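Take a look at this single chain in structure tokens; it is the form deposited in one PDB entry.
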């Protein structure tokens, strides 16, 4: 039992009592909230040629969570917040795993107790760190996670639920030893850049104390690490031979500025098919995947050497230039709001739909209605159809990537959404084409569609992704020099080190999500990435303002309307019907929903004036 003091907060780490059969287990307690995290890793390599790591953060009970009704419903039973927490934990621990660790690994978080004051999500990230640190699973260095908020101008570490409701910043920092950053996930209320960057510095300082406490527990326990039967990394001899074969061909392809996404990928694949043939004859004993990964290592190295040495990218841009940006509005008459945002080869269609407040946050069943509430009656639904990348995939159910991307785009637009709007605002973003940051494209497209729809937002929101390419000597592991790329392509995210998504208005930062593929990056690099994104964001907002700069004076005339119709008491029985049968039937044939607000008056919501005409006829004929 090791206690770590974080200002006025107390963190307690324990192990050896619960779940002794798991490879690693830990209990993290703050106040009266305890989280038990377990780590299991199979010793037999997985058939899949990557690192299979699954994080499942499960809430035992909100009030009384009980159980989903049936088995297939139970598969749906995973809530949105549990999915988001699992992705944060996964992003915090994935970079620290060794290369070639192709072994099935599962990290499970079980909420032993929740006091309703201390948040269990932060404790779950630390619990994952302690469980892996104490386990025999090879995992490079412990990590510490804290939350930073700003309450009346003061920075608070791990704020309570009450403080978070009055905070202008919701930043979660995961830090590696010697003051590195592994995960950044923020949601700010359009706060200044200087205020934002100071909170990152404060958060990193706290995570070092947690790492110190975890290191003390690890030493006192006497942790021994397993030796995996094989680490799946290409041998240096095969890799340097692949470099000799395809250095010039890949260099010419990556310096060809006439390529598009498909043309470039086909050109690289054409070189690959030639290289794999020659590689197999030279090394017949090599594993079939070892041939594949050797080309990927060589191609990635050549791709990064061009930007490092020449400061020019594969499409002829320099380190700070954006791709072509085009915007459109009100492309379809019937939609309440519409926009088509294009950025390079990334194309996103955004639609705004208004609906009644009751039919937007209120569900029939109270038990499932919890956690489905929206503060401003605002939600964003993000779709990534398989045809966006010319692929075939199932379209049943939202996966975790679409869920996280929708939450990130909703976080960016949330601060500018006005309060007390008469209707629930639902923004739907569909990625028609994907060659880069579709989620930040959904923030810009969603901003345009909101202004077109006529909802009076405070300011336009633009997002951008910042890449990173570093040169690190293996003998030291430190970063010598690096480049920051603005508005990265898909290949730059794939062959880079960080996909630093950052969104906000021209005068502040609204959301941030840094996905670092390196085992930590210095504090200095993150600040420069934020500043570099500030310049790019202002340029994007200039292009957006040309298409539309202010919200329309009013909503479209074919939009929803909210009004009241008087129903007398003597007529209440026939109008509503037995058990609300008549009202339920009307809401089915026509989209009009009728809600009772007074013993004599009923509020009728009509999604369209034409939909009003069918409903108004329905009430009049029943009225007789």
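The term rigid core refers to the maximal set of C-alpha atoms that superpose within 1.5 Å between the two forms. Numbering follows the first chain given and starts at 1.
Another form, the form deposited in another entry, is not on view; read the next lines as being about it.
Superposing the two forms on their core leaves just one of 220, 318, 237, 75 with a Cα displacement of at least 2 Å between this form and the one not shown, namely 75. When two forms of a protein are overlaid on their rigid core, residues whose CA moves 2 Å or more are considered shifted, and residue 306 is not one of them between this form and the one not shown. Fitting the two forms on the rigid core leaves the C-alpha of residue 390 displaced by under 2 angstroms between this form and the one not shown. A displacement of 2 angstroms or greater separates the C-alpha positions of residue 63 between this form and the one not shown, with the rigid core held in common.
Annotation for the pair residue 363/residue 561: C-alpha atoms recede from each other in the other form, by 3 Å or more compared with this form.
In the other form, the CA atoms of residue 111 and residue 63 sit closer together than in the displayed form, by at least 3 angstroms.
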